[PDB]
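Shown next as C-alpha cells: one chain only, the form deposited in one PDB entry.
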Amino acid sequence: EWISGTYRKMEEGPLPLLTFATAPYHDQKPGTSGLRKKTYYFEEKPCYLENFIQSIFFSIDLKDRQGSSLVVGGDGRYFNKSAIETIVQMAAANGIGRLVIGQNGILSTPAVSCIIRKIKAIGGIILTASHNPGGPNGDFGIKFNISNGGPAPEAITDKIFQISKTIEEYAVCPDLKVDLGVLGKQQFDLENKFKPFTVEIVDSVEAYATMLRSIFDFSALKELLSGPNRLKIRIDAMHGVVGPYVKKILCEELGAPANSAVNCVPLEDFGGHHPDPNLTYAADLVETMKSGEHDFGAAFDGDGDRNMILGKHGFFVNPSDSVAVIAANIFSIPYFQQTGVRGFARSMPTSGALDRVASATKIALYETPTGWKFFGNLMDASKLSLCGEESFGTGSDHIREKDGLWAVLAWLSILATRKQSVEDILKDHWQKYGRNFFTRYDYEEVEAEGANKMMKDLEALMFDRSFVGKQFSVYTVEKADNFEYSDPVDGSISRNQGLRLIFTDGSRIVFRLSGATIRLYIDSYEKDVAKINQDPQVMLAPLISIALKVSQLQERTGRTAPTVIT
C-alpha cells in the first residue's frame, strides 16, 4: 500500500548519509561496453559495486552532479535489482537530484539513450552484459552513458579507472528503501539536507515507443501486421529486455497477434541460453522459420541493440546485407525523409554491401574500426545517418546507441512499402548492386599466447614484400596491412584494428581478436548476375582455405571447426 509506505517514511524520519571506508580493486577498467565481469565479482566481492559506482560519480564534476538527473536501468539479468538499489542509495548520498528508473529495473539500452536525451539527464547507468549469459553463474556489467545518450568516451572511462584504482571511501544512504515495481514519484527525506531526493519509476516502454512512433508510419505498420491477411511474423526476444517492447509495440499498439512473440518474458538467466542473436545461439527460431507459416523473423540480444533478420523458410539476411538493404530503401522510413541521408558507415570487418549503395548514390561512407566511438563521433558531426556492424548491429542517428527493434520496424516498413518477400528483396538488391558474399568464423575462447603468436607471425608474414603479388589458389595478394583509422572529427588515430588481406579482385580476409577469441571475416564481391545465387559457404570456400592455410590457425590453436559460423 502506498499509504503504508508514506506513513513509514514519515515515522522513520530523515535518512542519514554516511561515509564508509573501502579498499580499491585493480581490474575495474571499463572497456568499450562498460565494465563486464562474472556475476560473483559484483555479488560477492566486498564493495566492488560500490567502488565502481562511486568512481562513476566522481568522474562527473560536482556542479554537474548536484541536483542533476540520472537514468538507471538494465536488461533484467540476475542481481540487477540489488545493484540498482545500491545505486539508488549511493546516488541519494552523492547529491544526485533525481533518478529515472524503468519499472522493475527494466530498460533497454536504446531506451536508456532515448530517455537520457529526452529528459536532459547528465547520463545513465545501464546494468547489462549485452549478449552474455546471465544468472548467478553468468556475467554482469555496468555501462555509463553521458548527456548525449551515448557511451562514455575514453577520457571518462579512463578517469573512472584511475579513480577506482585508488578509492578509499564512498557515500551511501543505507536506510533508503525504494520500490521498483510501482510507477510514479517516490521522495526521500535526507538528513542534513533541505531538498528531498526523488526517484521516478517510469514505464519501461512508453518513451521509447513514442520515439519509434515518431520515427515510423504506425498506420502502415498497423495495416501490414494486424489485418486478417497479415504478414506473419515471429519475433524472438531470447528472454531478453525487448520482450515488453515487443508486446506493447508490435502486439498491442500495432495489432500483431500474441503468437507472433516468443521468449518475450525477461528472465534473470535468459532461460539458460545465451541471449545472442545468430544462427547458432538462436537456432530454435531459424528452425521454426524452416517450417512455413511466417514470412519474417527476428531475434534480439540481452540489452536490445542487436538484431537478426530472417526470411521465409529460414532465409538468412546477414547484417552486412541488412544495413545495405535498409540504406537502399532508406526513404521508406519517414525519419530519413525528415532528416536526409547525412552519411553511411560500417565497421571494417563488415562487408562492403553498404559501400555499393553509398556509391550508387553520392553519400560519404566511413569505414571505421570495431566499436561505437567512431560512429558516435560521425553522428554528432551531422555526417552519419545509418550505420551497421557485422556483429548484428544496425542503427541510425536518432539516438546514440544501436537499436534492434528499430531495425526490425525499419525492415517491416521496407516490406510494407515494397510489397515483396524478404528473399525477393534481397535477390533484387543483389541483382542491382552485386552481391557481397560474406562470412565470419568465431573461434571462441582459445589459448591466449597461441592466438597472439598467430597474429604476430601472421602479421610479419603479411608485411613482407615476398607476400604482395603472390598468387593463391585463383587470387592475387594486392595489399596486406594492420588496419589504421584516422578520425575525421577529433584527429584520433586507432592502430592495430585488424589484419587485412586485400586481393586484386577486391576480396578481403580479415583477422581480429576480441580470452581470447579469434574472429575471421571473409568478404568477396560478385557482379555477374549468374554467380550471385550460389551457396556463400561454397563460393567463399577457396578464400576460407586460404585464410586457414596462411594463418596456420589449426596447427596453433588445435581447433578444427569454428565455434560459430555467420
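Rigid core: the largest C-alpha set superposing within 1.5 Å between the two forms. Residue numbers here begin at 1 and follow the sequence given.
Below: the form deposited in another entry, not depicted.
Taking the rigid core as fixed, one finds a CA shift for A416 smaller than 2 Å between the shown form and the other one. Once both forms are overlaid on the rigid core, the distance between the two CA positions of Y525 between the shown form and the other one is under 2 angstroms. Relative to this form, in the other form the C-alpha atoms of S359 and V468 approach one another by 3 angstroms or more.
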